[PDB]
file final_5.cif (mmCIF, C-alpha atoms)
data_start
loop_
_atom_site.group_PDB
_atom_site.id
_atom_site.type_symbol
_atom_site.label_atom_id
_atom_site.label_comp_id
_atom_site.auth_asym_id
_atom_site.auth_seq_id
_atom_site.Cartn_x
_atom_site.Cartn_y
_atom_site.Cartn_z
ATOM 1 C CA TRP T 628 -88.731 -116.594 131.380
ATOM 2 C CA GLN T 629 -90.035 -115.260 128.061
ATOM 3 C CA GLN T 630 -90.334 -118.857 126.816
ATOM 4 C CA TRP T 631 -92.126 -119.838 130.010
ATOM 5 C CA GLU T 632 -94.573 -116.955 129.391
ATOM 6 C CA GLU T 633 -95.183 -117.849 125.789
ATOM 7 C CA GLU T 634 -95.825 -121.440 126.837
ATOM 8 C CA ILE T 635 -98.233 -120.605 129.654
ATOM 9 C CA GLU T 636 -100.240 -118.453 127.209
ATOM 10 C CA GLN T 637 -100.491 -121.446 124.829
ATOM 11 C CA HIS T 638 -101.632 -123.697 127.659
ATOM 12 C CA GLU T 639 -104.264 -121.181 128.647
ATOM 13 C CA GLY T 640 -105.571 -120.735 125.114
ATOM 14 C CA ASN T 641 -105.894 -124.438 124.529
ATOM 15 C CA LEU T 642 -107.398 -125.119 127.963
ATOM 16 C CA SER T 643 -110.023 -122.373 127.445
ATOM 17 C CA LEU T 644 -110.969 -123.949 124.096
ATOM 18 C CA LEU T 645 -111.271 -127.418 125.658
ATOM 19 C CA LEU T 646 -113.327 -126.104 128.575
ATOM 20 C CA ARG T 647 -115.767 -124.415 126.201
ATOM 21 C CA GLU T 648 -116.171 -127.632 124.146
ATOM 22 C CA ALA T 649 -116.700 -129.690 127.299
ATOM 23 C CA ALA T 650 -119.306 -127.214 128.585
ATOM 24 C CA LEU T 651 -121.155 -127.472 125.249
ATOM 25 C CA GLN T 652 -121.097 -131.252 125.319
ATOM 26 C CA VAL T 653 -122.249 -131.254 128.949
ATOM 27 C CA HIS T 654 -125.206 -129.034 127.944
ATOM 28 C CA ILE T 655 -126.175 -131.405 125.134
ATOM 29 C CA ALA T 656 -126.098 -134.392 127.514
ATOM 30 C CA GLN T 657 -128.150 -132.528 130.100
ATOM 31 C CA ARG T 658 -130.740 -131.658 127.485
ATOM 32 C CA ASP T 659 -130.897 -135.238 126.228
ATOM 33 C CA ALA T 660 -131.434 -136.557 129.790
ATOM 34 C CA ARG T 661 -134.259 -134.092 130.495
ATOM 35 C CA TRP Y 628 -99.610 -109.338 147.262
ATOM 36 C CA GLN Y 629 -102.202 -109.045 150.035
ATOM 37 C CA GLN Y 630 -104.921 -108.791 147.367
ATOM 38 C CA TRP Y 631 -103.482 -111.808 145.578
ATOM 39 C CA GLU Y 632 -103.655 -113.718 148.896
ATOM 40 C CA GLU Y 633 -107.195 -112.691 149.647
ATOM 41 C CA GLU Y 634 -108.196 -113.751 146.143
ATOM 42 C CA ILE Y 635 -106.494 -117.145 146.254
ATOM 43 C CA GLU Y 636 -108.293 -117.863 149.553
ATOM 44 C CA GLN Y 637 -111.639 -117.063 147.866
ATOM 45 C CA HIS Y 638 -110.804 -119.344 144.956
ATOM 46 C CA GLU Y 639 -109.917 -122.127 147.344
ATOM 47 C CA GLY Y 640 -113.077 -121.748 149.407
ATOM 48 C CA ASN Y 641 -115.320 -121.806 146.386
ATOM 49 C CA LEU Y 642 -113.441 -124.668 144.715
ATOM 50 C CA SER Y 643 -113.664 -126.782 147.905
ATOM 51 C CA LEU Y 644 -117.434 -126.173 148.011
ATOM 52 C CA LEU Y 645 -117.833 -127.152 144.344
ATOM 53 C CA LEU Y 646 -115.701 -130.271 144.775
ATOM 54 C CA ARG Y 647 -117.817 -131.411 147.718
ATOM 55 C CA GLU Y 648 -121.061 -130.893 145.733
ATOM 56 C CA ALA Y 649 -119.639 -132.765 142.743
ATOM 57 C CA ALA Y 650 -118.520 -135.655 144.973
ATOM 58 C CA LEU Y 651 -122.046 -135.855 146.435
ATOM 59 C CA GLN Y 652 -123.647 -135.857 143.010
ATOM 60 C CA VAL Y 653 -121.171 -138.485 141.798
ATOM 61 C CA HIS Y 654 -122.149 -140.687 144.777
ATOM 62 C CA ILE Y 655 -125.847 -140.340 143.962
ATOM 63 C CA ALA Y 656 -125.224 -141.335 140.325
ATOM 64 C CA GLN Y 657 -123.113 -144.301 141.380
ATOM 65 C CA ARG Y 658 -125.846 -145.476 143.715
ATOM 66 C CA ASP Y 659 -128.511 -145.088 141.038
ATOM 67 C CA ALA Y 660 -126.435 -147.142 138.551
ATOM 68 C CA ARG Y 661 -125.874 -149.974 141.044
ATOM 69 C CA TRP D 628 -87.828 -126.034 149.636
ATOM 70 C CA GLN D 629 -86.475 -129.578 149.317
ATOM 71 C CA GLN D 630 -89.575 -130.849 151.147
ATOM 72 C CA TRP D 631 -91.795 -128.790 148.866
ATOM 73 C CA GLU D 632 -90.036 -130.414 145.873
ATOM 74 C CA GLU D 633 -90.356 -133.917 147.203
ATOM 75 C CA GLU D 634 -94.044 -133.287 147.845
ATOM 76 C CA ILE D 635 -94.797 -131.827 144.419
ATOM 77 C CA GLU D 636 -93.158 -134.896 142.827
ATOM 78 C CA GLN D 637 -95.470 -137.158 144.882
ATOM 79 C CA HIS D 638 -98.504 -135.145 143.826
ATOM 80 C CA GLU D 639 -97.468 -135.413 140.208
ATOM 81 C CA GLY D 640 -96.870 -139.156 140.361
ATOM 82 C CA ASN D 641 -100.208 -139.846 141.957
ATOM 83 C CA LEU D 642 -102.094 -137.443 139.680
ATOM 84 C CA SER D 643 -100.548 -139.056 136.565
ATOM 85 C CA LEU D 644 -101.663 -142.487 137.822
ATOM 86 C CA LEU D 645 -105.211 -141.243 138.480
ATOM 87 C CA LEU D 646 -105.417 -139.535 135.088
ATOM 88 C CA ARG D 647 -104.376 -142.736 133.322
ATOM 89 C CA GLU D 648 -107.013 -144.777 135.224
ATOM 90 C CA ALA D 649 -109.701 -142.200 134.448
ATOM 91 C CA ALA D 650 -108.750 -142.190 130.750
ATOM 92 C CA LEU D 651 -109.036 -146.002 130.696
ATOM 93 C CA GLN D 652 -112.424 -145.937 132.374
ATOM 94 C CA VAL D 653 -113.603 -143.197 130.005
ATOM 95 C CA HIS D 654 -112.561 -145.397 127.046
ATOM 96 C CA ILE D 655 -114.508 -148.360 128.420
ATOM 97 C CA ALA D 656 -117.638 -146.212 128.847
ATOM 98 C CA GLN D 657 -117.282 -144.796 125.349
ATOM 99 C CA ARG D 658 -116.988 -148.284 123.917
ATOM 100 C CA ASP D 659 -120.014 -149.502 125.860
ATOM 101 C CA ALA D 660 -122.122 -146.558 124.591
ATOM 102 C CA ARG D 661 -121.152 -147.166 120.952
ATOM 103 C CA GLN B 546 -122.515 -148.561 135.191
ATOM 104 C CA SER B 547 -119.369 -147.999 133.177
ATOM 105 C CA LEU B 548 -120.077 -144.273 132.700
ATOM 106 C CA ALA B 549 -120.720 -143.896 136.457
ATOM 107 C CA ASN B 550 -117.377 -145.644 137.050
ATOM 108 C CA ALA B 551 -115.629 -143.287 134.653
ATOM 109 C CA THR B 552 -117.233 -140.280 136.343
ATOM 110 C CA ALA B 553 -116.085 -141.495 139.746
ATOM 111 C CA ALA B 554 -112.574 -141.983 138.373
ATOM 112 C CA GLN B 555 -112.632 -138.406 137.095
ATOM 113 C CA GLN B 556 -113.816 -137.269 140.542
ATOM 114 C CA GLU B 557 -110.630 -138.765 142.041
ATOM 115 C CA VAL B 558 -108.601 -136.745 139.486
ATOM 116 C CA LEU B 559 -110.484 -133.560 140.457
ATOM 117 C CA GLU B 560 -109.788 -134.112 144.181
ATOM 118 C CA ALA B 561 -106.083 -134.830 143.543
ATOM 119 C CA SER B 562 -105.646 -131.919 141.126
ATOM 120 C CA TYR B 563 -107.088 -129.583 143.759
ATOM 121 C CA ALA B 564 -104.676 -130.918 146.385
ATOM 122 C CA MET B 565 -101.748 -130.396 143.974
ATOM 123 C CA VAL B 566 -102.887 -126.840 143.124
ATOM 124 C CA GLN B 567 -103.078 -126.071 146.814
ATOM 125 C CA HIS B 568 -99.485 -127.345 147.160
ATOM 126 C CA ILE B 569 -98.423 -125.129 144.300
ATOM 127 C CA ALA B 570 -100.037 -122.123 146.020
ATOM 128 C CA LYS B 571 -98.137 -122.999 149.169
ATOM 129 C CA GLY B 572 -94.885 -122.987 147.182
ATOM 130 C CA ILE B 573 -95.554 -119.538 145.757
ATOM 131 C CA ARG B 574 -96.260 -118.278 149.277
ATOM 132 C CA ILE B 575 -93.034 -119.823 150.640
ATOM 133 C CA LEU B 576 -91.125 -118.181 147.824
ATOM 134 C CA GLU B 577 -92.826 -114.783 148.218
ATOM 135 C CA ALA B 578 -91.696 -114.646 151.825
ATOM 136 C CA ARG B 579 -88.133 -115.290 150.665
ATOM 137 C CA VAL B 580 -88.451 -112.565 148.033
ATOM 138 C CA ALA B 581 -89.746 -110.106 150.663
ATOM 139 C CA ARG B 582 -86.663 -110.850 152.794
ATOM 140 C CA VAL B 583 -84.289 -110.163 149.901
ATOM 141 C CA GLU B 584 -86.169 -106.952 149.098
ATOM 142 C CA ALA B 585 -85.709 -105.861 152.709
ATOM 143 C CA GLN M 546 -130.507 -137.834 134.906
ATOM 144 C CA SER M 547 -128.372 -138.236 137.996
ATOM 145 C CA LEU M 548 -125.205 -138.955 135.980
ATOM 146 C CA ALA M 549 -125.867 -135.872 133.806
ATOM 147 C CA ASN M 550 -126.252 -133.867 137.032
ATOM 148 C CA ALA M 551 -122.972 -135.222 138.359
ATOM 149 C CA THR M 552 -121.235 -134.402 135.077
ATOM 150 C CA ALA M 553 -122.559 -130.851 135.185
ATOM 151 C CA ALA M 554 -121.352 -130.524 138.775
ATOM 152 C CA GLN M 555 -117.904 -131.672 137.665
ATOM 153 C CA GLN M 556 -118.034 -129.103 134.845
ATOM 154 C CA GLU M 557 -118.434 -126.355 137.475
ATOM 155 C CA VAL M 558 -115.316 -127.729 139.238
ATOM 156 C CA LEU M 559 -113.384 -127.676 135.938
ATOM 157 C CA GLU M 560 -114.352 -124.033 135.264
ATOM 158 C CA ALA M 561 -113.423 -122.963 138.819
ATOM 159 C CA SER M 562 -110.154 -124.915 138.854
ATOM 160 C CA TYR M 563 -109.144 -123.183 135.621
ATOM 161 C CA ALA M 564 -109.927 -119.768 137.110
ATOM 162 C CA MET M 565 -107.833 -120.623 140.199
ATOM 163 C CA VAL M 566 -104.911 -121.868 138.058
ATOM 164 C CA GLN M 567 -105.033 -118.643 136.102
ATOM 165 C CA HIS M 568 -104.844 -116.744 139.420
ATOM 166 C CA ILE M 569 -101.866 -118.820 140.440
ATOM 167 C CA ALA M 570 -100.139 -117.977 137.138
ATOM 168 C CA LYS M 571 -100.814 -114.317 137.804
ATOM 169 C CA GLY M 572 -99.137 -114.653 141.209
ATOM 170 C CA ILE M 573 -96.013 -116.204 139.722
ATOM 171 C CA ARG M 574 -95.861 -113.357 137.204
ATOM 172 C CA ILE M 575 -96.262 -110.712 139.943
ATOM 173 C CA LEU M 576 -93.478 -112.377 141.879
ATOM 174 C CA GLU M 577 -91.167 -112.758 138.860
ATOM 175 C CA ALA M 578 -91.324 -109.023 138.280
ATOM 176 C CA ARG M 579 -90.280 -108.483 141.895
ATOM 177 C CA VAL M 580 -87.429 -110.966 141.489
ATOM 178 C CA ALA M 581 -86.251 -109.169 138.322
ATOM 179 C CA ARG M 582 -86.142 -105.895 140.289
ATOM 180 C CA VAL M 583 -84.019 -107.428 143.050
ATOM 181 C CA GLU M 584 -81.707 -108.961 140.444
ATOM 182 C CA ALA M 585 -81.269 -105.516 138.903
ATOM 183 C CA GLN H 546 -123.931 -141.572 123.869
ATOM 184 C CA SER H 547 -124.077 -137.858 124.542
ATOM 185 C CA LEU H 548 -123.082 -138.261 128.210
ATOM 186 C CA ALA H 549 -120.136 -140.484 127.187
ATOM 187 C CA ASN H 550 -119.130 -137.751 124.716
ATOM 188 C CA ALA H 551 -119.332 -135.114 127.429
ATOM 189 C CA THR H 552 -117.261 -137.278 129.773
ATOM 190 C CA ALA H 553 -114.608 -137.746 127.105
ATOM 191 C CA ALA H 554 -114.561 -133.992 126.510
ATOM 192 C CA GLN H 555 -114.025 -133.462 130.234
ATOM 193 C CA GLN H 556 -111.203 -136.030 130.122
ATOM 194 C CA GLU H 557 -109.415 -133.834 127.549
ATOM 195 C CA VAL H 558 -109.785 -130.878 129.967
ATOM 196 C CA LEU H 559 -108.323 -132.975 132.811
ATOM 197 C CA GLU H 560 -105.293 -133.986 130.700
ATOM 198 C CA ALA H 561 -104.680 -130.382 129.569
ATOM 199 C CA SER H 562 -105.165 -128.910 133.048
ATOM 200 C CA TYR H 563 -102.567 -131.346 134.385
ATOM 201 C CA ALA H 564 -100.102 -130.339 131.664
ATOM 202 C CA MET H 565 -100.670 -126.647 132.503
ATOM 203 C CA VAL H 566 -100.220 -127.275 136.254
ATOM 204 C CA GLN H 567 -96.978 -129.061 135.517
ATOM 205 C CA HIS H 568 -95.862 -125.992 133.520
ATOM 206 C CA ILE H 569 -96.768 -123.769 136.427
ATOM 207 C CA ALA H 570 -94.676 -125.954 138.760
ATOM 208 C CA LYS H 571 -91.784 -125.633 136.346
ATOM 209 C CA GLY H 572 -92.112 -121.840 136.495
ATOM 210 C CA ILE H 573 -91.989 -121.794 140.284
ATOM 211 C CA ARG H 574 -88.867 -123.965 140.157
ATOM 212 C CA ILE H 575 -87.195 -121.672 137.587
ATOM 213 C CA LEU H 576 -87.991 -118.711 139.793
ATOM 214 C CA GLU H 577 -86.827 -120.392 143.021
ATOM 215 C CA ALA H 578 -83.416 -120.957 141.487
ATOM 216 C CA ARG H 579 -83.247 -117.251 140.658
ATOM 217 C CA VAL H 580 -84.283 -116.364 144.207
ATOM 218 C CA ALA H 581 -81.575 -118.666 145.625
ATOM 219 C CA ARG H 582 -78.984 -116.835 143.496
ATOM 220 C CA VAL H 583 -80.085 -113.429 144.785
ATOM 221 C CA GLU H 584 -80.039 -114.745 148.356
ATOM 222 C CA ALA H 585 -76.463 -115.910 147.809
#
call {"tool": "encode", "arguments": {"input": "final_5.cif", "output": "structure tokens"}}
result
Amino acid sequence: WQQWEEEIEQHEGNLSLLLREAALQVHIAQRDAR
Amino acid sequence: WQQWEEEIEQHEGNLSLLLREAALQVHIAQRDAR
Amino acid sequence: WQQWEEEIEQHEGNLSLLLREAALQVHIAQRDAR
Amino acid sequence: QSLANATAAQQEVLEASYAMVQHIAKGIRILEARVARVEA
Amino acid sequence: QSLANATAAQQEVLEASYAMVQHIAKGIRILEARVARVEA
Amino acid sequence: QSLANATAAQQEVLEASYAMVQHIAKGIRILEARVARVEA
């Protein structure tokens, strides 16, 4: 279980980083289209 | 646990609403591109 | 539980197939935009 | 056209991911009921 | 414009799906603690 | 170009979300085996 916990924390950290980058890129595209 | 249940139901309701709106917007974009 | 397992395996198989098709389509769009 | 196609393909992934997440929630609920029985 | 709108709408789904998945992880953790108590 | 970039960025989120959901499923399965042992 400890390994499962460590791994879910890594997944969360990386997913949060990817979500933020996608949100930024989505904003840039929205601004370009406006 | 009851609180966890109430909260997962709220997440589901809101996610279903957002999925429907995204699907609609995707349809509009597909139609515009055609 | 066995039914739950069989069903999660079906969800995974279908989601993996849809992810691969989306990735392919994303590549095509990226190449067209370049 | 190709970007609209890619976006539609991603929409299918979003719909399927949601259905899988719902199934996962169902599994946790099935298991919690079993845990409550053992606690009893 | 309409494809950018659709992409933004999908972004809201991605943010909400992540928040729901996090909630699901929390549920598994709550339940694992209960299972550890019964094992004890 | 910028919308294709945003779509590709979302694709990375979709791939990572799927990998996390799979990990979550694995956790439920690990825990169900523990619950079956306590039931026994």
call {"tool": "residues_near_point", "arguments": {"input": "final_5.cif", "point": "(-91.5, -130.9, 147.4)", "cutoff": "12 Å", "atoms": "only C-alpha atoms", "output": "ChimeraX atom specification"}}
result
/D:628-639 /B:565,568-569,571-572,575 /H:570,573-574
call {"tool": "residues_around", "arguments": {"input": "final_5.cif", "residues": "residue 556 of chain H", "least_positions_apart": "5", "cutoff": "8 Å", "atoms": "only C-alpha atoms", "output": "ChimeraX atom specification"}}
result
/D:649-650,653 /B:555
call {"tool": "atom_distance", "arguments": {"input": "final_5.cif", "atom1": "atom CA of residue 658 of chain Y", "atom2": "atom CA of residue 652 of chain D"}}
result
17.6 Å
call {"tool": "residues_around", "arguments": {"input": "final_5.cif", "residues": "residue 549 of chain M", "least_positions_apart": "3", "cutoff": "6 Å", "atoms": "only C-alpha atoms", "output": "list in words"}}
result
residues 657 of chain T; 546 and 552 of chain M
call {"tool": "axis_aligned_box", "arguments": {"input": "final_5.cif", "around": "segment 546-558 of chain M", "padding_each_side": "5 Å", "output": "AutoDock Vina command-line options"}}
result
--center_x -122.9 --center_y -132.7 --center_z 136.5 --size_x 25.2 --size_y 22.6 --size_z 15.4
call {"tool": "residues_around", "arguments": {"input": "final_5.cif", "residues": "residue 559 of chain H", "least_positions_apart": "6", "cutoff": "8 Å", "atoms": "only C-alpha atoms", "output": "list in words"}}
result
residues 646 of chain D; 558 and 559 of chain B; 559 of chain M
call {"tool": "atom_distance", "arguments": {"input": "final_5.cif", "atom1": "atom CA of residue 576 of chain B", "atom2": "atom CA of residue 580 of chain M"}}
result
10.3 Å
call {"tool": "atom_distance", "arguments": {"input": "final_5.cif", "atom1": "atom CA of residue 643 of chain Y", "atom2": "atom CA of residue 557 of chain M"}}
result
11.5 Å
call {"tool": "closest_residue", "arguments": {"input": "final_5.cif", "among": "M:579, M:584, M:564, M:554", "to": "chain Y", "atoms": "only C-alpha atoms"}}
result
M:554
call {"tool": "residues_around", "arguments": {"input": "final_5.cif", "residues": "residue 656 of chain D", "least_positions_apart": "5", "cutoff": "7 Å", "atoms": "all atoms listed in the file", "output": "tab-separated table (two decimals) with C-alpha atoms, in the coordinates of the input"}}
result
chain	number	residue	atom	x	y	z
B	547	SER	CA	-119.37	-148.00	133.18
B	548	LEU	CA	-120.08	-144.27	132.70
B	551	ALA	CA	-115.63	-143.29	134.65
H	549	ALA	CA	-120.14	-140.48	127.19
call {"tool": "decode", "arguments": {"input": "final_5.cif", "residues": "segment 555-583 of chain B", "atoms": "N, CA, C and O atoms", "output": "short mmCIF file (atom, residue, chain, number, x, y, z; two decimals), in the first residue's frame"}}
result
data_model
loop_
_atom_site.label_atom_id
_atom_site.label_comp_id
_atom_site.auth_asym_id
_atom_site.auth_seq_id
_atom_site.Cartn_x
_atom_site.Cartn_y
_atom_site.Cartn_z
N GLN B 555 -11.15 13.27 -29.33
CA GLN B 555 -10.89 13.49 -27.91
C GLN B 555 -12.21 13.48 -27.15
O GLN B 555 -12.24 13.02 -26.00
N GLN B 556 -13.29 13.98 -27.75
CA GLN B 556 -14.58 13.98 -27.07
C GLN B 556 -14.98 12.53 -26.78
O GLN B 556 -15.51 12.26 -25.70
N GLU B 557 -14.71 11.60 -27.71
CA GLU B 557 -15.09 10.21 -27.44
C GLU B 557 -14.28 9.69 -26.25
O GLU B 557 -14.79 8.93 -25.41
N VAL B 558 -13.01 10.10 -26.15
CA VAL B 558 -12.18 9.68 -24.99
C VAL B 558 -12.79 10.25 -23.69
O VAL B 558 -12.86 9.57 -22.69
N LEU B 559 -13.17 11.52 -23.71
CA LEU B 559 -13.78 12.11 -22.51
C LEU B 559 -15.04 11.37 -22.08
O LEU B 559 -15.21 11.13 -20.88
N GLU B 560 -15.89 10.99 -23.03
CA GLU B 560 -17.15 10.29 -22.68
C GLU B 560 -16.80 8.92 -22.08
O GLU B 560 -17.35 8.50 -21.05
N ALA B 561 -15.87 8.22 -22.71
CA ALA B 561 -15.49 6.87 -22.23
C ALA B 561 -14.75 6.91 -20.90
O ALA B 561 -14.92 6.02 -20.07
N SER B 562 -13.92 7.92 -20.68
CA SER B 562 -13.20 8.03 -19.43
C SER B 562 -14.22 8.25 -18.30
O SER B 562 -14.14 7.67 -17.22
N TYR B 563 -15.21 9.09 -18.57
CA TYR B 563 -16.23 9.35 -17.55
C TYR B 563 -16.98 8.05 -17.22
O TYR B 563 -17.22 7.75 -16.04
N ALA B 564 -17.33 7.27 -18.23
CA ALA B 564 -18.04 6.02 -17.97
C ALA B 564 -17.16 5.07 -17.16
O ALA B 564 -17.65 4.34 -16.28
N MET B 565 -15.85 5.04 -17.42
CA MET B 565 -14.95 4.17 -16.66
C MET B 565 -14.82 4.66 -15.20
O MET B 565 -14.78 3.85 -14.27
N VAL B 566 -14.74 5.97 -15.00
CA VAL B 566 -14.62 6.54 -13.67
C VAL B 566 -15.86 6.22 -12.89
O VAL B 566 -15.77 5.88 -11.69
N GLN B 567 -17.02 6.31 -13.54
CA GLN B 567 -18.26 5.95 -12.85
C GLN B 567 -18.18 4.47 -12.43
O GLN B 567 -18.65 4.12 -11.32
N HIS B 568 -17.61 3.62 -13.27
CA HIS B 568 -17.55 2.18 -12.94
C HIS B 568 -16.64 1.98 -11.74
O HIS B 568 -16.90 1.13 -10.87
N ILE B 569 -15.57 2.76 -11.70
CA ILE B 569 -14.63 2.68 -10.61
C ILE B 569 -15.32 3.09 -9.33
O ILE B 569 -15.12 2.44 -8.29
N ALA B 570 -16.16 4.13 -9.40
CA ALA B 570 -16.86 4.61 -8.19
C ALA B 570 -17.79 3.52 -7.71
O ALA B 570 -17.93 3.30 -6.49
N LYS B 571 -18.43 2.84 -8.64
CA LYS B 571 -19.33 1.75 -8.31
C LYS B 571 -18.57 0.65 -7.57
O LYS B 571 -19.09 0.06 -6.60
N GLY B 572 -17.35 0.36 -8.00
CA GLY B 572 -16.54 -0.67 -7.37
C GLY B 572 -16.19 -0.32 -5.92
O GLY B 572 -16.20 -1.18 -5.03
N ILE B 573 -15.87 0.94 -5.70
CA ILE B 573 -15.52 1.39 -4.35
C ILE B 573 -16.76 1.26 -3.47
O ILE B 573 -16.66 0.90 -2.31
N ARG B 574 -17.93 1.53 -4.02
CA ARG B 574 -19.16 1.47 -3.24
C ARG B 574 -19.50 0.01 -2.91
O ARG B 574 -19.96 -0.30 -1.79
N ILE B 575 -19.27 -0.89 -3.86
CA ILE B 575 -19.52 -2.32 -3.65
C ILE B 575 -18.59 -2.78 -2.54
O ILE B 575 -19.00 -3.50 -1.61
N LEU B 576 -17.34 -2.35 -2.61
CA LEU B 576 -16.38 -2.79 -1.61
C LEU B 576 -16.66 -2.16 -0.24
O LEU B 576 -16.48 -2.82 0.79
N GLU B 577 -17.10 -0.90 -0.21
CA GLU B 577 -17.39 -0.29 1.10
C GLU B 577 -18.49 -1.02 1.82
O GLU B 577 -18.45 -1.15 3.04
N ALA B 578 -19.46 -1.52 1.08
CA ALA B 578 -20.55 -2.26 1.73
C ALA B 578 -20.00 -3.55 2.33
O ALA B 578 -20.46 -4.01 3.39
N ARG B 579 -19.03 -4.15 1.66
CA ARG B 579 -18.44 -5.39 2.17
C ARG B 579 -17.63 -5.06 3.41
O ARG B 579 -17.65 -5.80 4.39
N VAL B 580 -16.93 -3.92 3.40
CA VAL B 580 -16.13 -3.54 4.56
C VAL B 580 -17.07 -3.27 5.74
O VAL B 580 -16.78 -3.68 6.86
N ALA B 581 -18.21 -2.63 5.49
CA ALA B 581 -19.13 -2.32 6.60
C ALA B 581 -19.64 -3.63 7.22
O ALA B 581 -19.85 -3.72 8.42
N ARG B 582 -19.84 -4.65 6.40
CA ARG B 582 -20.31 -5.94 6.93
C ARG B 582 -19.24 -6.58 7.82
O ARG B 582 -19.52 -7.16 8.88
N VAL B 583 -17.99 -6.50 7.40
CA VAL B 583 -16.92 -7.10 8.21
C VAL B 583 -16.75 -6.31 9.50
O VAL B 583 -16.43 -6.86 10.55
#
